[PDB]
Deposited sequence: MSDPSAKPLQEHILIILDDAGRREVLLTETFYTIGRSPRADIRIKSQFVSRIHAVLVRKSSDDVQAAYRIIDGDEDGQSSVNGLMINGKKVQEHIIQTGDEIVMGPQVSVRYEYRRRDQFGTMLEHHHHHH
């Protein structure tokens, strides 16, 4: 039963998060469902909506984006259907890798 795993790398080191819900806000603030500790990350940097995997959209719930959006393979994107093996570089030294692990 493959599970959705998010490998997060930030000021707090590298850690894993199990993606269970339908919607997830992401950012450096305590408000965000998934905290990404860094100054290059907005309080609420993006959102993850499950549609079959998750799609990531840049900006907070109000639709307001950050300066550094979501960079995948060197190029800035607005939204992206996250494929296993993707590395979303979302600021200097910070990023999240996605994996559809089996176990």
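Novice: Deposited sequence versus model: which ranges have no CA atoms?
Specialist: Sequence ranges with no C-alpha atoms are 1 to 8, 60 to 65, 118 to 131.
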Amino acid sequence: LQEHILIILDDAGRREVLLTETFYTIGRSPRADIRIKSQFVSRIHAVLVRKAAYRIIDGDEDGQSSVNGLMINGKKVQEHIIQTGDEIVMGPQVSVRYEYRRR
From here on, numbers count along this sequence of modelled residues.
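Novice: Averaging C-alpha B-factors over each stretch, which comes out higher, 92 to 100 or 3 to 11?
Specialist: In the deposited entry, the stretch with the higher C-alpha B-factor mean is 92 to 100.
Novice: When the C-alpha temperature factors are averaged for each of 69 to 77 and 36 to 44, which stretch ends up with the higher value in the entry?
Specialist: Stretch with the greater average CA B-factor: 69 to 77.
Novice: Would you mind ranking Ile57 by its C-alpha B-factor against the rest of the chain and naming the third, lowest, middle or highest?
Specialist: Answer is lowest: the recorded C-alpha B-factor places it there.
Novice: If you rank every modelled residue in this chain by C-alpha B factor, which third holds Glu87: lowest, middle or highest?
Specialist: For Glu87, the deposited C-alpha B-factor lands in the highest third.
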